[PDB]
Structures are given as structure tokens and as C-alpha cells.
Amino acid sequence: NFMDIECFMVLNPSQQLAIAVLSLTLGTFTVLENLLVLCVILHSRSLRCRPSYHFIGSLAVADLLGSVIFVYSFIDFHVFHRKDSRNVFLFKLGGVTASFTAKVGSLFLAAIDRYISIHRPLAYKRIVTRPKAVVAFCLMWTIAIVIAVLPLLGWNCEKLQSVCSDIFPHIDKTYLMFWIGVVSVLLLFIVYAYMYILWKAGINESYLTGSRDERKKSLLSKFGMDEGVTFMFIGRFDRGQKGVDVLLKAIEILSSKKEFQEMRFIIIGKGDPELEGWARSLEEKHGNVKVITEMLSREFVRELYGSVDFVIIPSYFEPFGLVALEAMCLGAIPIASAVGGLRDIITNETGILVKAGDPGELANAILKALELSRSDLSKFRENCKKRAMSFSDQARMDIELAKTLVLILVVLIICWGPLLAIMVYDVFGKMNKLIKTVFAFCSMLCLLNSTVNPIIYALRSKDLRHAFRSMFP
Ligand SMILES: CCc1c(C(=O)NCCc2ccc(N3CCCCC3)cc2)[nH]c2ccc(Cl)cc12
Ligand SMILES: CCCCCCC(C)(C)c1ccc([C@@H]2C[C@H](O)CC[C@H]2CCCO)c(O)c1
């Protein structure tokens with residue numbers, strides 16, 4: 001309590017109405033459509049209860065209540081020259097800082113959703129549910145409320161006798177660095193988060209030409225073995241989760257059988273030196289097993305999925321169907337255990353289900369594979385080709401949404417970036433008359449942001465538009 005509050009009302013009476021009709025219209029064009037964006041969401045049973053678009057409510061609410069507060073209390077201050085209480089101002093201001101912090105945490109939670117929906121394609125539907133998404137936003141909001149009510153708890157320059165900010169009344173210049181700090185680094189990770197998801201997302205069986213018998217007759221000739229039935233395993237060597245130890249226990253016990261001559265096995269991986277010393281012995285002990293644990297070209301392995309006819313995923317549990325999807329897309333019947341996602345991607349009409357970590361029943365399911373016709377075999381390769389299109393499909397609709405989230409994050413950094421940076425110089429230096437009044441006119445960006453956020457839903461979201469013509473035809 002050294003300087004009074006009126007030294008902050010800088011707008012002369014000609015530029016207090018010009019800033020008013022801006023707040024009242026640009027603040028009406030955001031309340032109208034955000035209150036409308038909330039109407040499409042909660043009617044459409046699709047967008048309402050969905051963890052993918054759940055943020056569009058958490059984004060159109062912080063841009064509505066956080067906007068009506070900033071239109072009332074700002075016009076009631078720079079134009080109506082009102083001096084509230086010392087905790088009534090921080091209450092009215094706390095409702096604004098919480099909202100912006102909340103929409104940052106919305107672009108943060110929506111990034112966890114994006115990473116899971118793309119790089120955990122079938123774990124996603126079972127990790128990110130409606131319960132786990134409702135709890136994550138409510139506690140993301142719980143945090144956004146706390147950071148906003150700190151100066152109401154005693155992190156202010158009045159109740160602490162500290163240098164006040166030249167821009168915000170009743171607020172320390174350290175609470176700024178705690179609020180600009182936690183937000184600039186959050187956007188930094190968030191900006192870095194969506195760029196990792198997009199970069200590693202650009203990382204078709206119509207590229208492989210000819211019949212499969214030809215491409216498999218050319219493959220086994222490279223190894224020097226006869227046209228045989230080619231089983232394939234890909235993945236790290238371990239005994240903990242991948243079933244390479246299970247698979248080697250089956251190839252050995254199948255060797256004591258009459259049906260082993262026709263069976264051709266090919267394994268690639270890298271891991272336990274004793275698991276490698278076990279598999280490489282079979283490669284020279286048998287004339288029909290070849291193990292490749294060195295220099296595997298990523299498009300050569302692409303030729304394997306399309307040349308072979310069976311895929312072996314004997315893992316104890318698949319966290320994400322990385323081979324399961326690429327193999328089936330290239331029409332190679334996968335023989336995996338019904339653990340993890342491999343239950344609803346590999347079924348009794350798409351592949352062969354085995355018991356996890358069971359070496360005997362794995363072999364008994366390799367002999368079953370040897371005794372079936374092309375009628376069945378060509379039909380499984382189709383159902384593997386048909387299941388994959390339902391993935392590179394949704395995983396395409398997912399990738400389009402991680403572009404939408406960046407477009408929202410982009411126009412968030414553009415609107416709130418300059419304001420945030422003008423706050424930064426308040427911490428270090430002082431703010432003269434000019435730099436303090438340009439901030440009040442640049443302050444309108446948090447309303448323009450809430451004006452272009454509902455516009456870009458109606459441009460990117462393919463579902464939200466069709467939901468709009470459904471109740472307003
Ligand atoms: C239902 C989630 C949701 C919101 C939303 O307001 N969550 C805020 C929930 C919440 C929880 C706790 C508090 N506390 C106040 C301070 C003291 C500690 C507890 C406050 C608020 N907004 C949404 C928009 C769309 C969708 Cl789909 C869901 C939501
Ligand atoms: C660490 C606090 C962050 C504040 C958010 C910045 C924001 C752009 C929302 C903002 C907030 C407040 C004002 C006005 C500053 C004037 O000095 C006093 C009146 C404020 C509006 C009343 C808020 O209840 C602002 O221009 C920008």
C-alpha cells in the first residue's frame with residue numbers, strides 16, 4: 001500500500017468507449033458461439049461422451065466464463081472507474097487467470113489422448129475411457145483454480161509488503177514468474193509434445209506386386225530352402241513379455257514330428273545372448289530355420305510380411321499392435337495369444353489364437369495351421385487385410401485431430417503470446433505510460449482467441465458440422 005489503484009486507469013474517455021464497443025461485440029461474438037458450441041456437444045450423444053472431443057467442452061467453457069468475467073470486470077474498471085475490495089479484485093481477476101490456465105491444461109490432456117490414440121492404437125480404447133477422462137479434466141481444473149486463488153491466500157504485494165507489478169494490482173512480481181513460468185514451460189512441452197506425435201506419425205499392400213506364391217518362391221530361394229510354409233516372428237528376444245522363448249520351445253518340439261519337413265521358420269530379433277545362442281544353434285542344426293539378428297532393412301521386413309503367410313506373435317501381452325497391424329495390412333495371418341489388444345484384432349475369423357506363454361499349445365496350433373486349404377487360407381488373409389483398413393482409417397482420423405489441436409494451440413500462442421511477453425518485461429523493468437496503455441488494447445486478444453476457437457471447430461471437426469445439421473436442418 002504505497003501507490004493507489006487509479007494510476008492504472010490509463011484510457012482517456014475517447015478510447016474507453018472504443019475499447020468498450022470492442023469488448024461488448026467481440027465479447028458477444030464469443031459468448032454467442034461458445035454457448036452454441038456447448039449446445040451441439042451435449043446433445044449429440046457422440047461428441048458428448050467421448051474422450052477424444054471431450055476437450056471441446058473444456059475449451060468452450062473456459063472461453064465463455066473466463067470471457068464474461070473479463071468483459072464485465074474490465075469495462076467496469078477502465079470505463080466505470082470502480083475500485084473493488086483488495087480480495088474482491090483478486091477474486092474477479094482469479095476467474096480469468098484460471099480460465100486461460102485451464103485451456104492450456106486442456107491442450108495438455110488432449111495431448112495425452114492424442115499420443116495414446118495413435119501410438120497405442122488398441123490400448124487406447126481401453127486406457128482412455130470416460131471415467132479416466134472426467135477425472136483428469138476435473139483435477140486439471142482443480143489445479144487451474146489453485147494457481148488463480150494463490151494471491152487470495154497471501155501471495156500478493158499488499159499482504160506481503162513486496163514490490164507490486166506495474167500492470168496488475170495486488171499481485172507480486174514473483175507470482176508473475178510463478179504464473180508465467182509454469183505456463184511458458186507448459187506450452188513448451190505441449191508444443192514439443194504435438195510435434196513428436198506428428199513427426200513419428202509419418203513413420204499399403206498395393207506396393208507389392210504379383211502373386212504371393214511368386215514373392216514367397218523368390219524369398220525362400222534367397223535362403224536356399226524349398227517352397228514351404230513360411231512362419232515368421234519379429235521382435236526383441238526376451239523371456240519377460242515377448243514369446244521368442246515360447247516360440248523356440250515349439251520349433252524344437254515340432255522337430256520331433258513328420259510335419260516338420262514342410263515347415264519353414266524364419267525369426268528376427270535381438271536380445272538375450274543366451275536366447276540368441278539358442279536360436280542360432282537351430283539355424284545350423286536344422287536346414288529349414290533361418291534366424292536374422294543383424295542389419296534388417298525396414299522395407300525388407302516389409303517384403304517379409306507380404307511374402308510369408310503366417311505371423312507369430314507369441315508375446316505374453318501386446319501393449320500396442322505394432323506388428324499385428326502392419327502384418328495383417330500386408331495380408332499375413334497372425335498367430336498370437338489373446339492377451340492385450342490381440343483379442344479384438346485377432347479373432348477366430350482373422351487368425352489363430354493360442355495360450356500365452358504355452359510352448360506346447362503353440363506347437364499344436366502350428367500343426368493346425370499346416371492342415372488347411374487355400375479356401376480358408378486366402379479368406380484369413382482377407383480378414384487381415386479388412387481389419388487393417390479400420391485402423392490406418394481411425395488412425396488417420398486421429399492424425400487429423402492432432403492437427404486440429406495444433407491449430408488451436410497455434411492461435412492460442414498468437415493471441416496470448418504478446419500479452420504474456422508484455423507481462424515479462426513488467427517483472428524485470430518498469431512500465432512507462434505508453435507500454436501500459438498498449439497492453440489494455442492488446443488485452444482484447446483473449447476475446448479474439450475465444451472468437452476464433454469456435455470458428456476452427458466448425459472447420460476441422462468433421463463430426464461437429466454433421467451434428468449441427470442434425471438438429472438445425
Ligand atoms: C465435469 C468436468 C468439466 C468441467 C469443469 O468445469 N470441471 C471443473 C470441476 C471442478 C472440480 C473441482 C473444483 N474445485 C474448486 C476449487 C476447490 C477444489 C475443487 C472446481 C471445478 N468443464 C467441462 C467442460 C466439458 C466437459 Cl465434457 C467437462 C467439463
Ligand atoms: C498473473 C495474472 C495474469 C492476468 C491475465 C492477463 C489478462 C490478459 C487476462 C488480463 C487481466 C487483467 C487485465 C486488466 C489489467 C488492468 O491493469 C486492471 C484491470 C484488469 C481487468 C480486470 C480483471 O478482473 C488485463 O488488461 C489483462
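The table below gives the values:
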item: 222 nm mean residue ellipticity, helices alone, for the chain (DSSP H n ≥ 4; -39,500 (n - 2.57); rounded to 500); result: -20000 deg cm²/dmol
item: Kirkwood Rh, Cα atoms: Rg over Rh of the chain; result: 1.16
item: Using a Förster distance of 56 Å, the FRET efficiency for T28-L160 (Cβ separation, nearest 0.05); result: 0.90
item: Low-density loop cleavage sites - trypsin sites (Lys or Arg not before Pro) in the stretch 79-155, where at most 14 other Cβ are within 10 Å (DSSP); result: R82, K83
item: Pairwise label distance in nanometres, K222 with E284, each label 7 Å out on the Cα-Cβ vector; result: 2.3
item: Long pairs among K242/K355; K103/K436; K173/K436; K249/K368; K103/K132, criterion Cα-Cα beyond 20 Å; result: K103/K436
item: Overall form of the stretch 346-473 per C-alpha gyration tensor (a/c, 1.5; a/b vs b/c); result: prolate
item: Charge dipole magnitude, Cβ of K and R +1, D and E -1 - the chain, Cα centre, debye nearest 20; result: 700
item: Cα centroid of the stretch 248-288 to Cα centroid of the stretch 25-83, whole Å; result: 63
item: Percent of beta bridges antiparallel (DSSP, the chain, rounded to nearest 5); result: 5
item: Loop trypsin sites (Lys or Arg not before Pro), the stretch 281-370 (other Cβ atoms within 10 Å of the site Cβ: 15 or fewer; DSSP); result: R298
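Cβ: placed from backbone, ideal geometry, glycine included. Neighbour counts: every protein chain shown. Rule-based calculations on the coordinates, nothing more; no lab input.
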